[PDB]
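A.B. asks: Sequence positions in the sequence shown follow UniProt numbering and run 10 to 284, 301 to 384.
C-beta atoms are modelled at their ideal positions from N, C-alpha and C, and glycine is treated no differently.
Structure incoming, see below.
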Amino acid sequence: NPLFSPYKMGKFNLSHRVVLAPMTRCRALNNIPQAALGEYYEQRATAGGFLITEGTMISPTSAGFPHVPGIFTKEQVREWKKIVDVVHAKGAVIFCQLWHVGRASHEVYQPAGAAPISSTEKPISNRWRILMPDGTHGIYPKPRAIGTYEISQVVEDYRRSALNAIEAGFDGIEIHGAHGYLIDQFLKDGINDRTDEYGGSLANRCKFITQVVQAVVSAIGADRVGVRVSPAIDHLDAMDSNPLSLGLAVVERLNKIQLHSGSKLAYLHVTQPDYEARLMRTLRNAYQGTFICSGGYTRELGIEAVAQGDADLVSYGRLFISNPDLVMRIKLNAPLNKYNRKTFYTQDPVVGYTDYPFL
Ligand SMILES: Cc1cc2nc3c(=O)[nH]c(=O)nc-3n(C[C@H](O)[C@H](O)[C@H](O)COP(=O)(O)O)c2cc1C
């Protein structure tokens, strides 16, 4: 089984290639990491295993989901360290994903009912609905196009949040630039209609993620900085005329950052939509460093990816909700448990969160 061969993710020696994908569960009430988050990640942590924390707020204007954890306040830092300590006690590596929803927000999630910030003024079309705090579905409002000065302030919110994660004891951070959110609103030409230095050509549309990654690299070190992208996912109107060209464009900037800094990044996380599809390998071939593949991967598919050189690590999401011991279940080929979509974003600390049985 090549999924349980040791891999060196920079200064982090992992015992296997099974990675917990970042998964918003909406259990951090009032944007505060609750104690149930510790029990949730401890059920999933293994010795030498890599865990990726769910999307975490970098600013009071970064949320588009109910009860999502933050890392911009001291109170959230002292609540994150209590969970990082329990995960570190099991000998696991944990990364905190910095998440900014951009235009995928709502007045109920913004302070004083302000409009969500984005690269453009176009809102998400009406075929997508945002989850409301009361369980219903609302309408994505019209965002507000920010200038270059506000862009640098959001970049600083990434840098300040990256340092708070290391203060909380995290082994590193992952830049969430996928799934049609703030960073993905700049990369995809279907959303970025700007005429300044942040829109138009591939070089201009890659400037925001380059400044975001370069800021967190110079603050906490490149080897503790992860990057997640999704050039082919069209979620929340995140369409690109040439997804393969944009993926290679993002990789080129990531390689240039690794060369000018004299150090390698932690990894490059690429997730794909649920379905040839040779875009995953093509992006792996262009990137110089660790590659994590994501999107509809199973036990045989993950083993096939590592054995064929398609990826170094394989991250699993949905199966990690209903299988806390998914790492061990993959080893023994044990049957996996089914997951309940209804309890994906509920607020109960046990029901559909930690009540999933072990093997
Ligand atoms: C309930 C749920 C929450 C998710 N939250 C996040 C998130 O916070 N950040 C992120 O980058 N992806 C998030 N995702 C996307 C997962 O990474 C996605 O499931 C993964 O790319 C595909 O893995 P899978 O085939 O095992 O389901 C979420 C997905 C689900 C279903």
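How many angstroms separate the CA atom of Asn10 from the CA atom of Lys356?
C.D. replies: Spanning the two alpha carbons is a distance of roughly 8 angstroms.
A.B. asks: Quick one, which of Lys216, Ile182, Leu211, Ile266 has its alpha-carbon nearest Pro252's?
C.D. replies: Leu211
A.B. asks: Which residues mark the beginning and the end of the alpha helix (DSSP H) in which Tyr49 is found?
C.D. replies: 44 to 53
A.B. asks: Less than 7 angstroms between the beta carbons of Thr55 and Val339, yes or no?
C.D. replies: no
A.B. asks: Tell me whether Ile92 is buried or exposed, calling it buried when 16 or more other Cβ atoms sit within 10 Å of its Cβ.
C.D. replies: buried
A.B. asks: Which residue wins for smallest C-alpha separation from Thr371, given the options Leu12, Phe74, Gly47?
C.D. replies: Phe74
A.B. asks: Please name the residue, chosen from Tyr322, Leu326, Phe369, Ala44, that lies closest to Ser347 on a Cα-to-Cα basis.
C.D. replies: The option with the nearest alpha carbon to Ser347 is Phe369.
A.B. asks: Is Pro31 near ligand 1, with its Cβ less than 6 angstroms from a heavy atom?
C.D. replies: yes
A.B. asks: Check whether the Cβ atoms of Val238 and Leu274 sit closer than 7 angstroms, and answer yes or no.
C.D. replies: no
A.B. asks: Alpha carbon to alpha carbon, how far is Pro69 from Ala121? Give it in angstroms, no decimals.
C.D. replies: Between the C-alpha atoms of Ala121 and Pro69 there is a straight-line separation of about 11 angstroms.
A.B. asks: I want to check one thing, is the minimum distance from the CB of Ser347 to the heavy atoms of ligand 1 below 6 angstroms?
C.D. replies: no
A.B. asks: Alpha carbon to alpha carbon, what distance is there between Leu344 and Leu12?
C.D. replies: 16 angstroms
A.B. asks: Counting C-beta neighbours from all protein chains within 10 Å, is the total for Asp202 16 or more, i.e. buried, or is it exposed?
C.D. replies: Exposed, by the Cβ-count rule.
A.B. asks: Okay, do the stretch 98 to 107 and the stretch 172 to 180 touch, 3+ Cβ pairs below 8 angstroms being the bar?
C.D. replies: yes
A.B. asks: Does the Cβ of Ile266 have 16 or more other Cβ atoms within 10 Å, making it buried, or fewer, making it exposed?
C.D. replies: buried
A.B. asks: What did DSSP end up calling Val234 once you bin it into helix, strand or coil?
C.D. replies: In this structure, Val234 counts as strand in the three-state DSSP scheme.
A.B. asks: Taking the alpha carbon of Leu257 as the point to measure from, which residue in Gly230, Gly271, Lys197, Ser227 has its own alpha carbon closest?
C.D. replies: If we check each option's Cα against that of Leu257, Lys197 comes out closest.
A.B. asks: Among residues of its own chain, excluding the 5 on either side of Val95, which ones have a beta-carbon nearer than 6 angstroms to its beta-carbon?
C.D. replies: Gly47, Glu51
A.B. asks: Here's the rule I'm using: 16 or more other beta-carbon atoms within 10 Å means buried, otherwise exposed. How should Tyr284 be labelled?
C.D. replies: exposed
A.B. asks: Should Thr280 be counted as a contact of ligand 1 given a C-beta to heavy atom distance under 6 angstroms?
C.D. replies: yes
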